[PDB]
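Everything on this sheet refers to the single structure shown next.
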There are 2 protein chains.
Amino acid sequence: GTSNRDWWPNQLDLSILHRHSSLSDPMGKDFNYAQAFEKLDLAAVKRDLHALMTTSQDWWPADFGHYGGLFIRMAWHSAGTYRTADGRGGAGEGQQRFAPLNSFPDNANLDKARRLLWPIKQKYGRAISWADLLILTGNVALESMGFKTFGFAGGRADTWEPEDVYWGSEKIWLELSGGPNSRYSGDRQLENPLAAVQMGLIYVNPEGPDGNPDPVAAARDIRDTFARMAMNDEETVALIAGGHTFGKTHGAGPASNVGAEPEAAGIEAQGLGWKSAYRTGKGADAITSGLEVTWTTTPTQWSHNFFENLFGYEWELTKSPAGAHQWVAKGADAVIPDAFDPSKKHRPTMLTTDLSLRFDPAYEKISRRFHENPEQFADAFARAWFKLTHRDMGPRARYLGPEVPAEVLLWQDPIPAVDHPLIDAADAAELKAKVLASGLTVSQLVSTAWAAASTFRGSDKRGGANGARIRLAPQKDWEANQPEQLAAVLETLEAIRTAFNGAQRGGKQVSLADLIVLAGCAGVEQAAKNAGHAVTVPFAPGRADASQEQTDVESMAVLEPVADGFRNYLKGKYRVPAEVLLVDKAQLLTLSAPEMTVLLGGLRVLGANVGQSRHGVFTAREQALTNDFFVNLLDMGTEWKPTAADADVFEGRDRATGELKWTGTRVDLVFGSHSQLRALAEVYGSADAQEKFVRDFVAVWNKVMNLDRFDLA
Amino acid sequence: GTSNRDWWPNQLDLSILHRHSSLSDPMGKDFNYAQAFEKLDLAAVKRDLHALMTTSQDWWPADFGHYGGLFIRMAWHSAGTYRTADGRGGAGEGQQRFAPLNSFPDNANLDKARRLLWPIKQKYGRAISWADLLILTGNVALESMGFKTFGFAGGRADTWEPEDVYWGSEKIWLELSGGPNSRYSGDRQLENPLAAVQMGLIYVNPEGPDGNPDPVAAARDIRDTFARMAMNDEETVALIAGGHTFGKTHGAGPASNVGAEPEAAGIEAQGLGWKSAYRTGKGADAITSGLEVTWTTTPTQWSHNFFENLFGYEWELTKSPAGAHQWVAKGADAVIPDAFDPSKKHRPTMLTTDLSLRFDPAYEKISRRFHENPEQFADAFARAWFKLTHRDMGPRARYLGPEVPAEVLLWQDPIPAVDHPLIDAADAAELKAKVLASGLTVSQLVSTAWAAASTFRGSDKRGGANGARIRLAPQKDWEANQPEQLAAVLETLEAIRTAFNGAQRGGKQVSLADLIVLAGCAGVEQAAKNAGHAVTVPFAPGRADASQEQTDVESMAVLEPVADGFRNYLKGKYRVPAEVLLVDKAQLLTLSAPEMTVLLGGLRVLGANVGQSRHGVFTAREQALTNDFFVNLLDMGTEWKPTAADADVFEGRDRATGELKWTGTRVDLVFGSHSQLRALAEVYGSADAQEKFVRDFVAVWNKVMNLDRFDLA
Ligand code: HEM
Ligand code: HEM
Ligand SMILES: NNC(=O)c1ccncc1
Ligand SMILES: [Cl-]
Ligand SMILES: [Cl-]
Ligand code: NA
Ligand code: NA
């Protein structure tokens, strides 16, 4: 079946924008998961999960009679695909149950873990999502084994198809670095947005970098990958030592005994994979990673035995029954229990990556403190396990149920509570009028509000205009935000805000976060009026202003737009074509192709470009909201050519006269090139489309203004 | 960017069911194209098109000063991708403007034709679709050149993305037969569902079969491809000779001068392709097919000159300036005008495929009759041009505007007008009660109504329950329809109908078509009641009964379900896996993944399987409407294995006891295998889903019952 992808491999793919349609969703269009979950009897679900932990099924017998370690690993894998660079991956959509993650090598036998959970999923139905269930199950495993967790929030709605995530360019599972699609260059520099060392791994290779069992060098990979999953040294030590307090790895026999991953298995496997020909294929004979390590003397109970062993023995390199490198404490007594045979005992063992916690000098200091003070270890682990499993859930207003922690954490980009009456429709009209009377232009109002709102990304639900973080470090100095123009706009808006608030009774006041958005709305209103149309742009108050001290500057760095086609902005020269970056940004803002098209065409004529560029400003009435972008783009009287100076910039010349009419970028002209985008541009470029363009613009503008407004959900 | 496709090429792709979502569509969810078109001033559009004909643009100068031949070819390419095997392709969705058809080699320079039409599209906007516009423009070209058409209907709504059509497996454009992905086997047998000889062609190669200039062998390709586009010999001769009464071919220079097709061109080409380095690259220097043939002495006027030339000369094989095989008239004078130079004249020329009309013995008789009786030629061509350009539009009720021909044609599968009062809700209750009192079972009622309704396909809008064609040849004899059981159900329904009709006043009567569907509804009602649910199934009256003489038996053959997963039916052993055929069927029935899932699971427990097979009947209460299919399918206490006798049949055994619990086919078990389908099955197999399953079932059942009900649009 020869496809468009086969014929035109470098044509833009828009299907990423049309995933998650109502058509693939089996739940009614009005189904609200938050309301279902809020009525779940969470305590009853947790009791059933508690019981499950020790109810072994013969098709996948529980190690030591307890599935707790398997489920912790399952819930760490669920969360562990997260990358800070784009916010993609993580636990928040239950993507572990779909391709390709369900079949990543690192997720081997998590298909069994998920299947164990079906009777509980089935019992509670739509009141608990798979996504929430995987995480809750990990918490319950922890709790059943004597570990007090930090809390749990529901609200991760299920999804119904694979996300399209860029996992890397390798064509071979687990390919070692330095291949033709190497994800490394330079001095072991991992390409953004990746956060793992090989295709099909969660973070690092447990044997060591490309299989070399050097704990020192492995620690560098750990540090780099975990940092790209938003974890610092302290959290990383706490997470790895915490998790490896439980359970065991599986490598009872040679790896070549293991069959097809789930997406390649026969239909009879019924969604399961990695069927093994080694002895019984399961339990005592299980093969999962090929390693055979059990870390502690009580693999079903919380302890501080991981660090007691790590520091209390000297380690020697050895091989599992599958031939993988691992470490044994040879001077030791056989104090580790066997998973199935009460009359066998084993010496303590470790992975190369476990020894990293001791032989990296910075990790060693933390691991020693944790060893000496296991109560500090427990607290750091609980906090980190909460952060790991909740990092992609977005603002605190999405957290549901009775176990949400009250403590506000800095990583959550917190927004203060509103404790005063909000502005009403009449107040909003007064403020818009005052904004327009101050002299701020359509261009400044639209640019500023776009800058504040468009940091939002739906991947991890970070960013957006709530908080007024555009006035704080680092957003106020981002190049895309035009720091000097921004500072002048904000200074004027702040004076309007102070005057309005100082004149109120009854405690009523407006936040700067709200006023920035409302000022953008005035700007769009004025632009429509400049074109002869009276429109009201909807506006929802209730944003609040976060302080600098409530804003982690370093974690905010990943939200900087280095490409924003909606402002014709590219921070430097990238290997990825600019139109590809445009579609990527549109996906992160949750826009369909039509929404992207209308939004860009309007922004262009409103003066939202960075630096006042003329590129794509195909209008003689800038700051009027018209469909000029599309009418002039599609005009066959204009002929386009790449410039000599820059092949990514184009001149549009009158085809008869040679006269220079416009210039544009690849982001501009793709709307007149790509056959699906041009079809869209034609709608908005048609003679009956002026009203539709204005209405659809205003609707998409409003959608972007409200992206982070889960307080109104 | 390594994808799921790359990793698992034999994992079922469901995205074909979720195309044409509201997300990719720029028009509102309420936009109704029929209503927009009904207000278009069609006369004014036609005036503008007449003016266009001779308004030459410098970027693609009009041959002979008239774009008429270019536009006829454009409109015959639009319609010419149609295949009767699945109803896919054709003009009815305006797919020529998207990939891959916009870049098929056979559509070279039709990108210019469509660009000439942009000013008119733009002027009238949403009130005329591109899809309608391409065909209208062809009609107007014909009329401008002195040929009176048979009529025109609007109502082809635009689409907004590529359809996923199987065009063949070749990975090289135009690949000749016998390659690794050959579309031919045996004695030049073209694989279904294909209706062209090479990848990127409309029907046949104009040089001859695989480029061999044998007009006799070409005629065999012509006959076979045109038959697979629903045209007989008479229509085929009329169409080819009719079209080649106008215009010319383009091959002024070597084909190596021609650059990238539109989907491969640079962004600056703004959606156009095949830019040529030969001289001016256009007009007198145009290169399109590589052939250089002008058929008649008046290429811009209707004439009888095609047949005069074809019979009046003897032909000699020669080469165009591009090197293609073509034919020139022996000894003739230079009587053909040049397209640009009034002082140049040319000898009559022909394609190998034109000579087929003379040297194939059956075509020769028709061509001679057309030569001797030009009025029969003109009438046959008008009729065939109307059929070509409307064959995929569906029932007459979809035909809009003031030029619809009143004459009813056999190919339209016509349905008689209803000329009597319809049954009301009280009559429907009475009839359902009589149906249930007759002794017909849930299984018989559901199977019969499924059989009648599910012949519909949305690709060309043929089939469905309107007409009661299930009682006529050939449907009554189709194996999937269980001819003997069917005859007994119809016999009982026919008696109920006659008794009801005989007791009425005022001329009220019920059609057998309606009663079949109503009886299916009663069956579903009874099944819900067997499971303790009180369900009323919607029913819309108004179908009529078509006669045998209104039902072309041969044209009806392509609607025979040779695979119907909804009845666990496969007529023979196919190279395409059965689950792939299931998704294909779902696509033709216009169902989403959720709808397909719910529908199949219900039909299984209602007894809709062909031959009473137990396969997939995972219930101990057959003929009760429950979600048993899903609950049993997902039960991990059962293990599945392919049978020894047949690898496509599976046994599900109790994992503890080894006892046989069920059997199932690939179609059954794919729901427990594929990770997206299993996610859907889990919703319906959950403890809170019994009522949701019943309601969703009824909704999809009713959707299938109404698929052809364009009289209710
Ligand atoms: C450097 C990071 C890490 C690496 C390289 C790593 C590696 C592995 C490997 C190879 C296995 C064995 C899989 C098998 O053969 O069954 C495993 C098991 C496990 N890991 Fe990790 N791990 C990492 C971090 C984590 C974290 C952060 C957690 C949780 C907080 C976690 C919890 C576990 C648990 C509970 C198991 C036991 C599975 C069972 O009992 O079946 N690990 N780990
Ligand atoms: C056996 C079937 C056919 C073959 C192999 C065929 C082949 C071709 C080829 C190769 C061209 C030249 C393209 C170019 O170089 O610009 C052409 C032109 C054309 N054909 Fe056909 N054709 C077929 C049937 C039809 C039919 C059914 C129609 C209309 C009813 C049609 C109408 C036209 C017209 C009007 C042109 C002239 C285009 C112009 O003036 O630019 N043809 N044909
Ligand atoms: N490829 N096109 C089709 O199969 C189709 C189009 C519209 N409705 C149903 C099927
Ligand atoms: Cl994702
Ligand atoms: Cl199609
Ligand atoms: Na994410
Ligand atoms: Na079709």
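Within each chain, counting starts at residue 1; across the structure tokens, chains are named A, B, ... in the order shown, with ligands numbered 1 upward in that order.
The residues of region 90-231 of chain B that DSSP classifies as strand (DSSP E), using the backbone of this structure, are residues 184, 185, 189 and 190 of chain B.
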Go ahead and dump the residues you just picked, N, CA, C and O atoms, as a PDB file, in the first residue's frame.
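Saved file part.pdb follows:
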```
ATOM      1  N   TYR B 184      -0.302  -6.703 -12.053  1.00  0.00           N
ATOM      2  CA  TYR B 184      -0.779  -7.756 -12.964  1.00  0.00           C
ATOM      3  C   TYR B 184      -0.215  -9.121 -12.594  1.00  0.00           C
ATOM      4  O   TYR B 184       0.971  -9.268 -12.270  1.00  0.00           O
ATOM      5  N   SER B 185      -1.076 -10.120 -12.740  1.00  0.00           N
ATOM      6  CA  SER B 185      -0.656 -11.508 -12.759  1.00  0.00           C
ATOM      7  C   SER B 185      -1.399 -12.283 -13.832  1.00  0.00           C
ATOM      8  O   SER B 185      -2.356 -11.777 -14.465  1.00  0.00           O
ATOM      9  N   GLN B 189      -4.105  -9.994 -15.796  1.00  0.00           N
ATOM     10  CA  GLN B 189      -5.244  -9.848 -14.902  1.00  0.00           C
ATOM     11  C   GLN B 189      -4.882  -8.764 -13.913  1.00  0.00           C
ATOM     12  O   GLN B 189      -3.888  -8.916 -13.145  1.00  0.00           O
ATOM     13  N   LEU B 190      -5.657  -7.694 -13.913  1.00  0.00           N
ATOM     14  CA  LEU B 190      -5.386  -6.580 -13.085  1.00  0.00           C
ATOM     15  C   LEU B 190      -5.909  -6.869 -11.674  1.00  0.00           C
ATOM     16  O   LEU B 190      -7.058  -7.270 -11.533  1.00  0.00           O
TER      17      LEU B 190
END
```
Using only C-alpha atoms and all ligand atoms, what are the residues with an atom within 7 Å of ligand 5, set out as an MDAnalysis selection string?
-> chainID B and resid 88:90 95 163 165 459
With a cut-off of 6 Å, could you pull out the residues of chain A touching ligand 1 and give me the nearest pair of atoms for each, distance in Å to one decimal, using only C-alpha atoms and all ligand atoms, ordered by chain and ascending number, as a tab-separated table?
```
residue	atom	partner	partner_atom_place_in_ligand_line	distance
A:69	CA	ligand 1	40 (O)	3.7
A:70	CA	ligand 1	41 (O)	3.6
A:72	CA	ligand 1	35 (C)	4.6
A:73	CA	ligand 1	34 (C)	4.2
A:76	CA	ligand 1	29 (C)	5.1
A:204	CA	ligand 1	5 (C)	5.1
A:205	CA	ligand 1	5 (C)	5.5
A:206	CA	ligand 1	5 (C)	4.1
A:222	CA	ligand 1	1 (C)	5.7
A:239	CA	ligand 1	27 (C)	4.3
A:240	CA	ligand 1	27 (C)	4.2
A:242	CA	ligand 1	30 (C)	5.6
A:243	CA	ligand 1	29 (C)	3.5
A:244	CA	ligand 1	33 (C)	5.2
A:246	CA	ligand 1	35 (C)	5.0
A:247	CA	ligand 1	40 (O)	3.3
A:248	CA	ligand 1	40 (O)	4.2
A:249	CA	ligand 1	14 (C)	3.6
A:250	CA	ligand 1	15 (O)	3.8
A:288	CA	ligand 1	15 (O)	4.1
A:289	CA	ligand 1	15 (O)	3.7
A:290	CA	ligand 1	15 (O)	5.9
A:291	CA	ligand 1	15 (O)	5.7
A:353	CA	ligand 1	1 (C)	5.5
```
Determine, counting only C-alpha atoms, which protein, DNA and RNA residues have an atom within 9 Å of an atom of region 511-528 of chain A; residues of the same chain fewer than 5 positions away are not included. Present the result as a VMD selection string.
-> chain A and resid 428 to 429 431 to 433 435 to 436 440 to 450 452 to 453 465 to 470 490 493 to 494 496 to 497 533 to 546 606 622 to 626 694 698 701 to 702 705
Can you tell me, as an MDAnalysis selection string, what residues are no more than 6 Å from residue 675 (chain B) when counting only C-alpha atoms, ignoring any on the same chain fewer than 2 positions away?
-> (chainID A and resid 98) or (chainID B and resid 677:678)
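Residues in contact with ligand 7 (atom pairs separated by at most 9 Å; only C-alpha atoms and all ligand atoms) are residues 81, 82, 83, 84, 86, 87, 88, 89, 90, 91, 92, 93, 391, 392, 393, 458, 459, 460 and 461 of chain B.
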Find the residues near residue 236 (chain A): any atom within 12 Å, counting only C-alpha atoms, skip ones fewer than 2 places away on the same chain, and give them as a ChimeraX atom specification.
-> /A:80,203,219,221-234,238-243,353-354,356-357,362-363,366-367,377,380-381,383-385,387-388
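Atom pair CA of residue 153 (chain A) / CA of residue 686 (chain B) has a distance of 23.0 Å (rounded to one decimal).
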Which residues come within 12 Å of residue 620 (chain A), counting only C-alpha atoms, excluding same-chain residues fewer than 3 positions away, as a CSV table (one decimal) with N, CA, C and O atoms, in the first residue's frame?
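Once written, around-v8.csv looks like this:
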```csv
chain,number,residue,atom,x,y,z
A,531,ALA,N,-11.1,47.9,10.7
A,531,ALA,CA,-11.5,47.3,9.5
A,531,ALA,C,-13.0,47.5,9.3
A,531,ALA,O,-13.5,46.8,8.4
A,604,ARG,N,-0.4,38.2,11.6
A,604,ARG,CA,0.5,38.9,10.6
A,604,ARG,C,0.0,40.3,10.3
A,604,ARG,O,0.7,41.3,10.4
A,605,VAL,N,-1.3,40.5,10.1
A,605,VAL,CA,-1.8,41.8,9.8
A,605,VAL,C,-2.0,42.7,11.0
A,605,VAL,O,-2.1,43.9,10.9
A,606,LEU,N,-2.0,42.1,12.2
A,606,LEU,CA,-2.1,42.9,13.4
A,606,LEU,C,-0.7,43.5,13.9
A,606,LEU,O,-0.7,44.2,14.9
A,607,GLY,N,0.4,43.0,13.4
A,607,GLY,CA,1.7,43.5,13.7
A,607,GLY,C,2.3,42.7,14.9
A,607,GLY,O,3.0,43.3,15.7
A,614,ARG,N,8.5,42.9,8.3
A,614,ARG,CA,7.5,43.0,7.2
A,614,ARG,C,7.2,41.6,6.6
A,614,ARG,O,6.2,41.5,5.8
A,616,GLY,N,5.6,38.4,5.6
A,616,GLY,CA,4.2,37.9,5.7
A,616,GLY,C,3.1,38.9,6.0
A,616,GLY,O,1.9,38.5,6.1
A,617,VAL,N,3.5,40.2,6.1
A,617,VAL,CA,2.6,41.3,6.4
A,617,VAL,C,2.0,41.7,5.1
A,617,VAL,O,2.3,42.8,4.6
A,623,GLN,N,-2.6,46.6,11.3
A,623,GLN,CA,-3.4,46.9,12.5
A,623,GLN,C,-4.9,47.0,12.3
A,623,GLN,O,-5.6,47.4,13.2
A,624,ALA,N,-5.3,46.5,11.1
A,624,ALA,CA,-6.7,46.3,10.9
A,624,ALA,C,-6.9,44.8,10.7
A,624,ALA,O,-6.1,44.1,10.0
A,625,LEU,N,-7.9,44.2,11.3
A,625,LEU,CA,-8.2,42.8,11.3
A,625,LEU,C,-9.0,42.5,10.1
A,625,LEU,O,-10.2,42.6,10.1
A,626,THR,N,-8.2,42.0,9.1
A,626,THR,CA,-8.9,41.6,7.8
A,626,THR,C,-8.2,40.3,7.3
A,626,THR,O,-7.1,39.8,7.9
A,627,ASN,N,-8.8,39.7,6.3
A,627,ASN,CA,-8.3,38.5,5.7
A,627,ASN,C,-7.3,38.8,4.5
A,627,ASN,O,-7.0,37.9,3.7
A,628,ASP,N,-6.7,40.0,4.6
A,628,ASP,CA,-5.7,40.4,3.6
A,628,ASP,C,-4.5,39.4,3.4
A,628,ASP,O,-4.1,39.2,2.3
A,629,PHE,N,-4.0,38.8,4.5
A,629,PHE,CA,-3.0,37.8,4.4
A,629,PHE,C,-3.3,36.8,3.4
A,629,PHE,O,-2.4,36.5,2.5
A,632,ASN,N,-3.9,38.2,-0.5
A,632,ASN,CA,-2.7,38.6,-1.1
A,632,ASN,C,-1.7,37.4,-1.3
A,632,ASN,O,-1.1,37.2,-2.3
A,661,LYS,N,6.5,43.6,-4.2
A,661,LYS,CA,5.3,43.8,-3.4
A,661,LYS,C,5.4,43.4,-2.0
A,661,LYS,O,4.9,44.1,-1.1
A,662,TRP,N,6.0,42.2,-1.7
A,662,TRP,CA,6.1,41.7,-0.4
A,662,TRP,C,7.4,40.8,-0.3
A,662,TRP,O,8.0,40.4,-1.3
```
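Residue nearest residue 336 (chain A) within the list A:653, A:318, A:549, A:298: A:298 [criterion: smallest interatomic distance, only C-alpha atoms].
With distances taken over only C-alpha atoms, A:14 is the one residue among A:557, A:14, A:712, A:586 lying closest to chain B.
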Which residues, written as a VMD selection string, have at least one atom at most 8 Å from region 20-26 of chain B, with only C-alpha atoms counted and residues fewer than 6 positions away on the same chain left out?
-> (chain A and resid 18 21 to 23 592 to 594 680 683) or (chain B and resid 159 to 161)
List every residue of region 489-611 of chain B that DSSP, applied to the backbone, labels as alpha helix (DSSP H), and write the result as JSON, numbers by chain.
-> {"B": [489, 490, 491, 492, 493, 494, 495, 496, 497, 498, 499, 500, 501, 502, 512, 513, 514, 515, 516, 517, 518, 519, 520, 521, 522, 523, 524, 525, 526, 527, 528, 529, 530, 578, 579, 580, 581, 582, 583, 584, 585, 586, 587, 588, 593, 594, 595, 596, 597, 598, 599, 600, 601, 602, 603, 604, 605, 606]}
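CA of residue 708 (chain B) is positioned 5.5 Å from CA of residue 464 (chain B).
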Closest of B:113, B:269, B:570, B:133 to chain A, counting only C-alpha atoms, is B:269
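With distances restricted to only C-alpha atoms, A:105 is the closest residue to residue 273 (chain A) from A:154, A:642, A:105, A:685.
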